[PDB]
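Chemist: Supplied in structure tokens, the structure appears directly below.
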Amino acid sequence: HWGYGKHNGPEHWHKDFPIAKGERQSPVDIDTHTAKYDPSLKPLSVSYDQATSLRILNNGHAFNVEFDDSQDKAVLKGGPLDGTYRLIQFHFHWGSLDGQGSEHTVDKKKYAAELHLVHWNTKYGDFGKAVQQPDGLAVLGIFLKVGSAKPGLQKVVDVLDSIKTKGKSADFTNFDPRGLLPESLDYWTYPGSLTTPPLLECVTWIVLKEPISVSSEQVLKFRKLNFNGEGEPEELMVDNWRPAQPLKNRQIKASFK
Ligand SMILES: Cc1occc(=S)c1O
Ligand SMILES: [Zn+2]
């Protein structure tokens with residue numbers, strides 16, 4: 001099945017998922033000089049005070065922190081979005097080395113990692129119905145650079161031991177996603193897709209300009225995770241990022257002057 005290696009990696013995905021070569025694939029390179037300030041964007045609103053985390057899961061491609069989305073509790077709205085999008089999970093993509101790991105790039109610059117906070121449009125009732133819609137999802141992307149530690153990331157780093165291999169999960173309640181946000185909400189936005197199979201073209205991407213810093217010791221622990229399941233030959237979970245895809249018929253809008 002699909003993965004990030006030579007034989008089942010991004011260059012292979014089109015075979016099972018032909019939309020891989022579609023008209024609004026992600027990630028993309030953000031050319032900061034071609035992105036246009038858009039004065040028609042409303043301010044962005046990230047309301048995570050009632051967020052309720054439940055569980056953390058190694059799914060063999062990354063780890064997901066999953067949230068209880070059965071009620072109106074952690075929402076994204078405003079910016080390019082119409083209506084209300086509810087947080088369902090976050091995950092990261094990262095590299096084998098600090099020079100690579102983000103999926104989006106900014107003037108061809110690769111960050112050490114990228115955080116994806118995934119939300120579904122509440123007019124569609126649930127996540128499964130939302131991913132059949134062109135405006136079903138909104139993903140808030142945040143770059144990570146290696147420098148100072150992020151304190152609000154450490155509870156996630158400390159639980160990674162317990163989810164080393166594919167299919168392991170642990171209880172992960174009362175995690176506050178606010179502690180993963182940079183100061184500025186300046187962002188670029190464009191229409192795109194999931195960056196993993198099934199690569200559905202259902203996503204409004206909101207990529208923040210300001211990266212958060214995490215420590216080398218924090219990102220080192222992400223790299224100790226495994227793609228394989230327990231008792232299998234060890235393949236470190238590293239380089240689980242898809243490269244930049246053709247922009248095609250799309251414009252990237254900036255929220256800031
Ligand atoms: C599984 C999944 O869902 C939403 C967004 C992304 S990038 C992803 O991998
Ligand atoms: Zn992702």
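By convention in this document, the chains of the structure tokens carry letters A, B, ... by their order, each chain's residues are numbered from 1, and ligands are numbered from 1 in the order they are shown.
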As a ChimeraX atom specification, please: all residues of stretch 184-253 of chain A that backbone DSSP puts in strand (DSSP E).
Modeler: /A:187-192,203-208,212-214,253
Chemist: Step by step, measure atom-to-atom distances between ligand 1 and each residue using only C-alpha atoms and all ligand atoms, keep those at most 8 Å, then write them as an NGL selection string.
Modeler: :A and (91 or 116-118 or 137 or 139 or 193-197)
Chemist: Next, write the just-selected residues to a file, as an mmCIF file, in the first residue's frame, keeping C-alpha atoms as the atom set.
Modeler:
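Listed below is the output, selection39.cif:
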data_model
loop_
_atom_site.group_PDB
_atom_site.id
_atom_site.type_symbol
_atom_site.label_atom_id
_atom_site.label_comp_id
_atom_site.auth_asym_id
_atom_site.auth_seq_id
_atom_site.Cartn_x
_atom_site.Cartn_y
_atom_site.Cartn_z
ATOM 1 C CA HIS A 91 -0.597 15.703 12.855
ATOM 2 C CA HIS A 116 -1.489 20.415 10.087
ATOM 3 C CA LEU A 117 -4.647 21.262 12.099
ATOM 4 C CA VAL A 118 -7.576 19.667 10.215
ATOM 5 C CA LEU A 137 -12.092 20.984 4.869
ATOM 6 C CA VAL A 139 -6.308 22.952 7.210
ATOM 7 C CA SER A 193 -6.005 18.871 -1.293
ATOM 8 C CA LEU A 194 -5.077 16.379 1.374
ATOM 9 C CA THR A 195 -1.313 15.773 1.009
ATOM 10 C CA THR A 196 -1.683 12.026 1.641
ATOM 11 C CA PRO A 197 -3.758 9.455 -0.215
#
Chemist: Given only C-alpha atoms, how would the per-residue table for stretch 42-109 of chain A near stretch 165-188 of chain A read, listing every residue at most 12 Å away with its closest atom pair and distance in Å to one decimal, sorted by chain and number, as CSV?
Modeler:
residue,atom,partner,partner_atom,distance
A:43,CA,A:185,CA,9.2
A:44,CA,A:185,CA,7.3
A:45,CA,A:185,CA,9.0
A:46,CA,A:178,CA,9.0
A:47,CA,A:178,CA,8.8
A:48,CA,A:178,CA,6.4
A:49,CA,A:178,CA,7.7
A:50,CA,A:176,CA,8.8
A:51,CA,A:176,CA,6.8
A:52,CA,A:174,CA,6.1
A:53,CA,A:173,CA,4.9
A:54,CA,A:173,CA,4.7
A:55,CA,A:172,CA,4.2
A:56,CA,A:170,CA,5.4
A:57,CA,A:169,CA,4.3
A:58,CA,A:166,CA,5.2
A:59,CA,A:166,CA,5.3
A:60,CA,A:166,CA,4.3
A:61,CA,A:166,CA,8.0
A:62,CA,A:166,CA,8.9
A:63,CA,A:169,CA,9.0
A:64,CA,A:169,CA,9.3
A:65,CA,A:172,CA,7.4
A:66,CA,A:172,CA,8.3
A:67,CA,A:173,CA,8.7
A:68,CA,A:173,CA,9.9
A:74,CA,A:177,CA,9.4
A:75,CA,A:177,CA,11.6
A:78,CA,A:185,CA,11.8
A:79,CA,A:187,CA,9.1
A:80,CA,A:188,CA,9.9
A:87,CA,A:177,CA,10.1
A:88,CA,A:177,CA,11.6
A:89,CA,A:177,CA,10.2
A:90,CA,A:177,CA,8.9
A:91,CA,A:177,CA,11.4
A:92,CA,A:180,CA,11.6
A:104,CA,A:188,CA,10.9
A:105,CA,A:188,CA,11.7
A:106,CA,A:188,CA,10.3
Chemist: How would the residues just chosen look if you wrote them out with N, CA, C and O atoms as a compact mmCIF listing (two decimals), in the first residue's frame?
Modeler:
# COMPACT_ATOMS: atom_id res chain seq x y z
N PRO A 43 -11.13 39.02 9.16
CA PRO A 43 -10.00 38.53 10.01
C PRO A 43 -10.12 36.99 10.33
O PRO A 43 -11.23 36.45 10.27
N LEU A 44 -9.02 36.30 10.59
CA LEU A 44 -9.06 34.86 10.92
C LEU A 44 -9.47 34.69 12.36
O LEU A 44 -9.05 35.47 13.19
N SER A 45 -10.22 33.64 12.67
CA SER A 45 -10.65 33.44 14.05
C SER A 45 -10.37 31.99 14.38
O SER A 45 -11.01 31.11 13.84
N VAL A 46 -9.45 31.77 15.32
CA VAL A 46 -9.12 30.42 15.80
C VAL A 46 -9.59 30.33 17.26
O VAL A 46 -9.06 31.04 18.13
N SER A 47 -10.63 29.52 17.52
CA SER A 47 -11.22 29.47 18.87
C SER A 47 -11.02 28.10 19.45
O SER A 47 -11.85 27.21 19.22
N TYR A 48 -9.91 27.90 20.17
CA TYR A 48 -9.57 26.58 20.69
C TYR A 48 -9.70 26.42 22.22
O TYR A 48 -9.25 25.40 22.76
N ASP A 49 -10.32 27.37 22.89
CA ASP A 49 -10.46 27.29 24.37
C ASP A 49 -11.25 26.09 24.93
O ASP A 49 -10.91 25.56 26.00
N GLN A 50 -12.25 25.61 24.19
CA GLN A 50 -13.00 24.42 24.62
C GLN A 50 -12.51 23.13 23.97
O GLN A 50 -13.21 22.10 24.07
N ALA A 51 -11.35 23.14 23.32
CA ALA A 51 -10.89 21.93 22.59
C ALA A 51 -10.77 20.75 23.54
O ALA A 51 -10.27 20.90 24.67
N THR A 52 -11.25 19.59 23.10
CA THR A 52 -11.14 18.40 23.92
C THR A 52 -10.44 17.31 23.17
O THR A 52 -11.07 16.63 22.34
N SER A 53 -9.17 17.10 23.51
CA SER A 53 -8.38 15.99 22.90
C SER A 53 -8.84 14.67 23.49
O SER A 53 -9.42 14.63 24.60
N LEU A 54 -8.69 13.59 22.75
CA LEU A 54 -9.09 12.27 23.28
C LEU A 54 -7.94 11.27 23.30
O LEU A 54 -7.76 10.54 24.26
N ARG A 55 -7.15 11.28 22.22
CA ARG A 55 -6.33 10.13 21.89
C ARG A 55 -5.22 10.55 20.93
O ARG A 55 -5.38 11.53 20.18
N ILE A 56 -4.11 9.80 20.97
CA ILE A 56 -3.00 9.98 20.06
C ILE A 56 -2.71 8.62 19.45
O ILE A 56 -2.76 7.57 20.15
N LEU A 57 -2.49 8.62 18.13
CA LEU A 57 -2.49 7.40 17.33
C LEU A 57 -1.33 7.42 16.28
O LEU A 57 -1.19 8.40 15.55
N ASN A 58 -0.51 6.35 16.24
CA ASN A 58 0.50 6.16 15.18
C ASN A 58 -0.20 5.33 14.11
O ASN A 58 -0.53 4.16 14.35
N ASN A 59 -0.46 5.95 12.96
CA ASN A 59 -1.22 5.30 11.91
C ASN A 59 -0.33 4.75 10.84
O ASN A 59 -0.82 4.40 9.76
N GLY A 60 0.98 4.65 11.11
CA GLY A 60 1.89 4.09 10.17
C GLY A 60 2.42 5.09 9.15
O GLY A 60 3.32 4.78 8.42
N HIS A 61 1.83 6.30 9.11
CA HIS A 61 2.31 7.40 8.26
C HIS A 61 2.73 8.61 9.08
O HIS A 61 3.65 9.33 8.70
N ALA A 62 2.05 8.85 10.20
CA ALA A 62 2.37 9.97 11.07
C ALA A 62 1.71 9.62 12.38
O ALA A 62 1.23 8.49 12.54
N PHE A 63 1.67 10.56 13.32
CA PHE A 63 0.77 10.39 14.46
C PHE A 63 -0.32 11.46 14.47
O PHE A 63 -0.08 12.66 14.17
N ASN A 64 -1.54 11.03 14.81
CA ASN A 64 -2.66 11.96 14.93
C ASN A 64 -3.04 12.18 16.38
O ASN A 64 -3.19 11.22 17.11
N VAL A 65 -3.21 13.42 16.79
CA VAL A 65 -3.90 13.74 18.04
C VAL A 65 -5.35 14.04 17.63
O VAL A 65 -5.60 15.00 16.81
N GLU A 66 -6.29 13.28 18.18
CA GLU A 66 -7.68 13.36 17.73
C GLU A 66 -8.47 14.04 18.80
O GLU A 66 -8.12 13.92 19.98
N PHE A 67 -9.53 14.74 18.37
CA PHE A 67 -10.34 15.59 19.23
C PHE A 67 -11.77 15.11 19.13
O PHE A 67 -12.13 14.46 18.16
N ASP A 68 -12.53 15.39 20.18
CA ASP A 68 -13.95 15.09 20.24
C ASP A 68 -14.61 16.21 19.47
O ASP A 68 -14.58 17.36 19.92
N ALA A 74 -14.09 23.62 19.18
CA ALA A 74 -12.78 24.13 18.78
C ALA A 74 -13.00 24.47 17.30
O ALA A 74 -13.08 23.56 16.48
N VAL A 75 -13.20 25.74 16.97
CA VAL A 75 -13.56 26.09 15.61
C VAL A 75 -12.63 27.09 14.96
O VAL A 75 -12.06 27.95 15.62
N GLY A 78 -13.70 32.67 9.52
CA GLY A 78 -13.23 33.98 9.10
C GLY A 78 -12.12 33.71 8.11
O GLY A 78 -12.02 32.58 7.63
N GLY A 79 -11.28 34.72 7.81
CA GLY A 79 -10.30 34.55 6.69
C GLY A 79 -10.98 34.30 5.36
O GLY A 79 -11.96 34.98 5.03
N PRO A 80 -10.51 33.30 4.59
CA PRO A 80 -11.23 32.97 3.36
C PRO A 80 -12.53 32.15 3.55
O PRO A 80 -13.31 31.97 2.58
N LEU A 87 -12.47 21.51 14.46
CA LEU A 87 -11.20 20.74 14.58
C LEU A 87 -11.47 19.25 14.84
O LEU A 87 -12.21 18.87 15.78
N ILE A 88 -10.82 18.40 14.06
CA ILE A 88 -10.98 16.99 14.26
C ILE A 88 -9.68 16.31 14.66
O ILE A 88 -9.71 15.37 15.46
N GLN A 89 -8.54 16.76 14.14
CA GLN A 89 -7.26 16.12 14.48
C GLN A 89 -6.11 17.03 14.08
O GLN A 89 -6.33 17.93 13.28
N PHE A 90 -4.94 16.87 14.72
CA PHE A 90 -3.75 17.39 14.15
C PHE A 90 -2.66 16.32 13.98
O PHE A 90 -2.63 15.30 14.67
N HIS A 91 -1.73 16.58 13.05
CA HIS A 91 -0.60 15.70 12.86
C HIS A 91 0.53 16.56 12.31
O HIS A 91 0.33 17.75 12.03
N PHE A 92 1.70 15.97 12.15
CA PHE A 92 2.83 16.71 11.58
C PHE A 92 3.39 15.91 10.44
O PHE A 92 3.10 14.70 10.29
N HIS A 104 4.49 22.33 2.38
CA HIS A 104 4.63 23.65 1.77
C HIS A 104 6.02 24.19 1.88
O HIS A 104 6.75 23.87 2.82
N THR A 105 6.44 24.95 0.89
CA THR A 105 7.72 25.65 0.96
C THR A 105 7.50 27.16 0.75
O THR A 105 6.46 27.57 0.24
N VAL A 106 8.45 28.01 1.15
CA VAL A 106 8.21 29.44 1.01
C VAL A 106 9.40 29.98 0.25
O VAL A 106 10.54 29.94 0.77
Chemist: Write out as a list in words which residues come within 9 Å of residue A:140 when counting only C-alpha atoms, dropping same-chain ones fewer than 3 positions away.
Modeler: residues 76, 115, 116, 117, 118, 119, 204, 205, 206, 207 and 208 of chain A
Chemist: How about saving the chosen residues, N, CA and C atoms kept, as a PDB file, in the first residue's frame?
Modeler:
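Dumped everything to selection_15.pdb:
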ATOM      1  N   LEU A  76     -12.536  26.983  13.642  1.00  0.00           N
ATOM      2  CA  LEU A  76     -11.858  27.920  12.791  1.00  0.00           C
ATOM      3  C   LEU A  76     -12.887  28.597  11.922  1.00  0.00           C
ATOM      4  N   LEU A 115       3.099  21.428  10.798  1.00  0.00           N
ATOM      5  CA  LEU A 115       1.934  21.014  11.582  1.00  0.00           C
ATOM      6  C   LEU A 115       0.658  21.291  10.770  1.00  0.00           C
ATOM      7  N   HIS A 116      -0.215  20.296  10.748  1.00  0.00           N
ATOM      8  CA  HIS A 116      -1.489  20.415  10.087  1.00  0.00           C
ATOM      9  C   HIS A 116      -2.660  20.257  11.059  1.00  0.00           C
ATOM     10  N   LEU A 117      -3.418  21.319  11.273  1.00  0.00           N
ATOM     11  CA  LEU A 117      -4.647  21.262  12.099  1.00  0.00           C
ATOM     12  C   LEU A 117      -5.860  21.179  11.178  1.00  0.00           C
ATOM     13  N   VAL A 118      -6.574  20.051  11.236  1.00  0.00           N
ATOM     14  CA  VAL A 118      -7.576  19.667  10.215  1.00  0.00           C
ATOM     15  C   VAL A 118      -8.928  19.934  10.798  1.00  0.00           C
ATOM     16  N   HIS A 119      -9.744  20.651  10.016  1.00  0.00           N
ATOM     17  CA  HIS A 119     -11.090  21.045  10.409  1.00  0.00           C
ATOM     18  C   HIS A 119     -12.041  20.706   9.278  1.00  0.00           C
ATOM     19  N   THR A 204      -9.380  24.072   1.900  1.00  0.00           N
ATOM     20  CA  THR A 204      -8.913  25.449   1.896  1.00  0.00           C
ATOM     21  C   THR A 204      -7.710  25.492   2.809  1.00  0.00           C
ATOM     22  N   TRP A 205      -6.553  25.805   2.245  1.00  0.00           N
ATOM     23  CA  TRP A 205      -5.333  25.815   3.013  1.00  0.00           C
ATOM     24  C   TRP A 205      -5.139  27.195   3.562  1.00  0.00           C
ATOM     25  N   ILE A 206      -4.742  27.254   4.831  1.00  0.00           N
ATOM     26  CA  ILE A 206      -4.455  28.523   5.494  1.00  0.00           C
ATOM     27  C   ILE A 206      -3.065  28.285   6.096  1.00  0.00           C
ATOM     28  N   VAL A 207      -2.031  28.782   5.447  1.00  0.00           N
ATOM     29  CA  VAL A 207      -0.653  28.512   5.900  1.00  0.00           C
ATOM     30  C   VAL A 207      -0.067  29.759   6.597  1.00  0.00           C
ATOM     31  N   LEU A 208       0.270  29.635   7.885  1.00  0.00           N
ATOM     32  CA  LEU A 208       0.760  30.779   8.649  1.00  0.00           C
ATOM     33  C   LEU A 208       2.188  31.174   8.241  1.00  0.00           C
TER      34      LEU A 208
END
Chemist: Go through A:163, A:238, A:30, A:130 and flag the residue nearest residue A:251, using only C-alpha atoms for the distances.
Modeler: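 The answer is A:30, which sits nearest to residue A:251.
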Chemist: Given the choices A:11, A:38, A:114, A:82, which gets closest to ligand 2 if the distance is worked out from only C-alpha atoms and all ligand atoms?
Modeler: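 Of all the options, A:114 lies closest to ligand 2.
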Chemist: Counting only C-alpha atoms and all ligand atoms, which residue out of A:26, A:132, A:32, A:189 sits closest to ligand 2?
Modeler: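 Closest to ligand 2, using only C-alpha atoms and all ligand atoms: A:26.
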Chemist: I need the residue nearest ligand 2 from this list: A:35, A:112, A:142, A:131. Use only C-alpha atoms and all ligand atoms for the distance.
Modeler: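 For ligand 2, the nearest of the candidates is A:142.
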Chemist: Restricting the calculation to only C-alpha atoms, which member of A:71, A:228, A:25, A:240 is positioned closest to residue A:125?
Modeler: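 Among the listed residues, the smallest separation from residue A:125 belongs to A:71.
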Chemist: I need the residue nearest ligand 2 from this list: A:84, A:121, A:102, A:249. Use only C-alpha atoms and all ligand atoms for the distance.
Modeler: A:102
Chemist: What does the distance from atom CA of residue A:128 to atom CA of residue A:77 come to in Å, to one decimal?
Modeler: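 Those two atoms sit 19.7 Å apart.
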Chemist: Quick check, in Å to one decimal: how far apart do atom CA of residue A:28 and atom CA of residue A:138 lie?
Modeler: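 We find that atom CA of residue A:28 and atom CA of residue A:138 lie 15.7 Å from each other.
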Chemist: In Å to one decimal, how far is atom CA of residue A:136 from atom CA of residue A:21?
Modeler: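 Between atom CA of residue A:21 and atom CA of residue A:136 the gap is 20.1 Å.
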